[PDB]
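Visitor: this block holds the first chain(s) of the complex, placed as they are in the complex; more will follow:
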Amino acid sequence: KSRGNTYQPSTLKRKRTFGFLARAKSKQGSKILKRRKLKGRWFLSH
Amino acid sequence: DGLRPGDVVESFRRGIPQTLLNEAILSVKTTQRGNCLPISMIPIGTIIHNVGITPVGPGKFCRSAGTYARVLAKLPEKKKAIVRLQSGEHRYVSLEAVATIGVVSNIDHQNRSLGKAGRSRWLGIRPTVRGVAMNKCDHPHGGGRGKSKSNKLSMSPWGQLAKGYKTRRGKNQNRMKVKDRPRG
């Protein structure tokens, strides 16, 4: 069993979990977004 | 138990209807197996199943294969009826509570032997890992070199004693039980 390939992309899943709207919808995600904005981040979410 | 397709069963939970009233004398007609009625109608001594608590609620006790209760006494003063359940616990049940006549079907269910692990899995039963097999962090019986019981009293993974320890105790006990079930 060879490791290394732990990332296994699937756009839909990514957008569900780490997408902007998911962040927006949760309180915790909204807080994250705010924190990133404060930092100065160009890209707040996937 | 002896029910087979073609048999006829009534239910006298509402009461004795005007068909049978127009046409004890009624008790023997009524107390055929398979038909339901309040414990008031059911004569003392006879075997029953799907025994209720309350006069309105459904039959709760004695539902499993080959199981049954038995009417022991009835008290119209207090509106109760002492019933022996399958466990052996004598218990007050509302005198107007529901109960079917006869023993439950499939008496020989208990005698089945599952052949293999897979059958249990199909039924929906994942494997039980023994406390002695575990590590100490996981279960009190765990740890030790070789196989050991750690001088630890037989108990659950959360420290509740497994052999003999009465779990329903003190104030929170059953109010309606007349005589407790036979133990050991």
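Guide: Done, it's in. Numbers count the residues shown, from 1 in each chain, chains lettered A, B, ... in the order given.
Visitor: quick one, helices of chain A?
Guide: Per DSSP state H, chain A carries helices over the ranges A:11-18, A:20-25, A:27-39.
Visitor: need the CA coordinates for the longest one. CSV is fine.
Guide: So the one you mean is helix A:27-39. What follows is helix A:27-39, C-alpha atoms only, in CSV (Å, rounded to 0.1, in the frame of the first residue of the first chain):
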residue,chain,number,x,y,z
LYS,A,27,-21.4,30.8,11.5
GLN,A,28,-17.9,29.3,11.9
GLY,A,29,-17.3,29.6,8.1
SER,A,30,-18.4,33.3,8.2
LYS,A,31,-15.9,33.9,11.0
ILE,A,32,-13.2,32.3,8.9
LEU,A,33,-14.1,34.4,5.9
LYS,A,34,-14.0,37.6,8.0
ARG,A,35,-10.6,36.6,9.4
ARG,A,36,-9.2,36.0,5.9
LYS,A,37,-10.6,39.4,4.8
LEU,A,38,-8.9,41.1,7.8
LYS,A,39,-5.6,39.4,6.9
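Visitor: following sequence is RNA strand C, add it:
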RNA sequence: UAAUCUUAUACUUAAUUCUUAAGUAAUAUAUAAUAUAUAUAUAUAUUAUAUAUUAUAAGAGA
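Guide: Placing RNA strand C onto the earlier chains gives this:
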């Protein structure tokens, strides 16, 4: 046991719907009077006065 707890399930006035108030009709309970039937008591019918429109049923219960 109206301590606690558990379970189940019409019209008319005044500020299209909404709410108040009055009286009336309908149902239920309590109290008083009259008539009838049974063994001072119980049941039924009629009249007057008062109250109501979270409930009812089941269970546990100081």
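Visitor: pick out the residue in chain B sitting closest to RNA strand C.
Guide: residue B:54 (3.6 Å; Cβ to the nearest atom of the strand). Bear in mind the C-beta positions are built from the backbone N, C-alpha and C, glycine included.
Visitor: what of chain A?
Guide: Counting by Cβ to the nearest atom of the strand, chain A gets nearest RNA strand C through residue A:27, at 31.4 Å.
Visitor: gap between that residue and residue A:17?
Guide: 16 Å (Cβ to Cβ, to the nearest Å).
Visitor: what's stretch B:104-112 in contact with?
Guide: Contact with stretch B:104-112 is made by B:1, B:3, B:49, B:62, B:63, B:64, B:65, B:66, B:67, B:68, as judged by Cβ atoms under 8 Å, 6 or more residues apart in numbering or on different chains.
Visitor: residue contacts, the fourth one?
Guide: This means residue B:62. By Cβ under 8 Å, 6+ apart, the contact set of residue B:62 is B:48, B:49, B:50, B:51, B:68, B:69, B:85, B:86, B:104.
Visitor: include this sequence as RNA strand D:
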RNA sequence: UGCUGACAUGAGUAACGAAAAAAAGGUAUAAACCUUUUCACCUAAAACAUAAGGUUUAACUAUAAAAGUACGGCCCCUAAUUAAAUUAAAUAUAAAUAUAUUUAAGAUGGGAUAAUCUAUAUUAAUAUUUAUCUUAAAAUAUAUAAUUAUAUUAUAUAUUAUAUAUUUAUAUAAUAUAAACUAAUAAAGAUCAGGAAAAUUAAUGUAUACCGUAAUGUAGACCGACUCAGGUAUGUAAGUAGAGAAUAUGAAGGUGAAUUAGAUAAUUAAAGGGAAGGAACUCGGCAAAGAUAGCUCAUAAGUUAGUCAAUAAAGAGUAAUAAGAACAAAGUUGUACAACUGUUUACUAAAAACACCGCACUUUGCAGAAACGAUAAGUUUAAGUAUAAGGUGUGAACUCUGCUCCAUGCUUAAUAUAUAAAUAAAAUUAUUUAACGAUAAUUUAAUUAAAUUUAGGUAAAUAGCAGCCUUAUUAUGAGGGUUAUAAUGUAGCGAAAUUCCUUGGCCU
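Guide: So that you can see how it sits with the rest, here is RNA strand D on the chains above:
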């Protein structure tokens, strides 16, 4: 073993990543690019269609063309599940929030019509899993209506000839390969008992929206830091052969590569052969070698009766006698451990460990026991009800499972028995006050728990199962007498995976 930068050293060393290349020409510029021919490799793929993914890598900017029918999304519908949403007072909660209910979302699934092409809008009105046998039917041949042997047996279409509506329709008859495969049909075996959710006529409509479409996809175009021998879903996968998607070949298609040319010492790897011997090797037959049909027969002891053992070993038939493709097929036995098929340390342990089916104990009567819940409401348990569910040990079955409650627990009963907080009113004492009083302590009086203790019970609860003496001529010790205890190791097994002394004694 400071941090950052720059540059050395090893060193022009190893390596250049499974590989088959050759010539001619594009080009008097080519080992590496393009073409042609030859040769090879993959071929139930290294092919052809696709899914997901991605720096568009593509046959490219003059760029991947859809009203719908062996076209997908979008849309309708819902599953798993999700939701600062939903209900003077839904419930709970230090806040955050959590729960229940509604509603909404949510594909991996379901969704009308269609080449004789098809019309989706609006308005109105009342389907787990597997199987297709046997029988029976008729057909074809042998023998003398009936027997024997052999295939065929529900559906799928063109042709010809009839009979009815009128060359277009409906029905009937006859003609017509084998082996796979599909869909749709029917009947039906087994227990493990098999999703959810969204009407029909009539009239009036319908100018048909958006997005996906390249190429790559067992890979140089994704996930692995690399153009990485790893990981990566689905469908076709020429024939010949075969039981087959095994194995050989390879029609077609694709490919022959960011390393080449030579040389082939020692040495290493991965292969091929080997005289005489045949485990003498070694910790150990590790490794290697070993297959005298794969079809049809036949196949023992033992045994839990299961061709379990068995794919038995040997052996036969067919084939072959000097041999002459690949692939499947690699002995027999004794003992230890574990019933068995399974599971396990992803990346050093696959086991004797876990699990298991069975066995036993125990808890809980359901407004239960168990678990979860800053901690609740509540949830699972369960749409179950003691033949159930939770916990514990043991681990199929045969023969069996002895004695012991001392201790730690659990469990039952005793006002046997102490102590905690909680109370009236009233007695001295102390402080203060000129006095009563005020403020402190202390002591009295009825009504006291669970706990503890005592006595049972409970060991398939946690646990335990002693030593000395010396008696039948010597020996052995059936016996005999003691001490100690809760009881004093029973059946069995025994130098055991348990035996230190130990390479115990004896046999094979």
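Visitor: most centrally placed residue in the chain?
Guide: By default, I'm working from chain A. Closest to where the C-alpha atoms of chain A average out (Cα atoms, centre = their mean) is residue A:18, at 2.6 Å.
Visitor: let's do chain B instead
Guide: residue B:62 (3.9 Å).
Visitor: pretty sure residue B:81 is in a strand, no?
Guide: Yes. Counting by DSSP: H, G, I helix; E, B strand; the rest coil, residue B:81 is located in a strand.
Visitor: separation between residue B:18 and residue B:113?
Guide: Going from residue B:18 to residue B:113 by Cβ to Cβ gives 51 Å.
Visitor: these two: which has the busier surroundings?
Guide: More crowded of residue B:18 and residue B:113, by other Cβ atoms under 10 Å in any protein chain shown: residue B:18, with 8 against 5.
Visitor: and that one, backbone torsions?
Guide: The phi/psi pair for residue B:18 (degrees, to the nearest 10) reads phi -70, psi -10.
Visitor: how about the one 10 residues further on?
Guide: Main-chain torsions, residue B:28, degrees, to the nearest 10: phi -60, psi -40.
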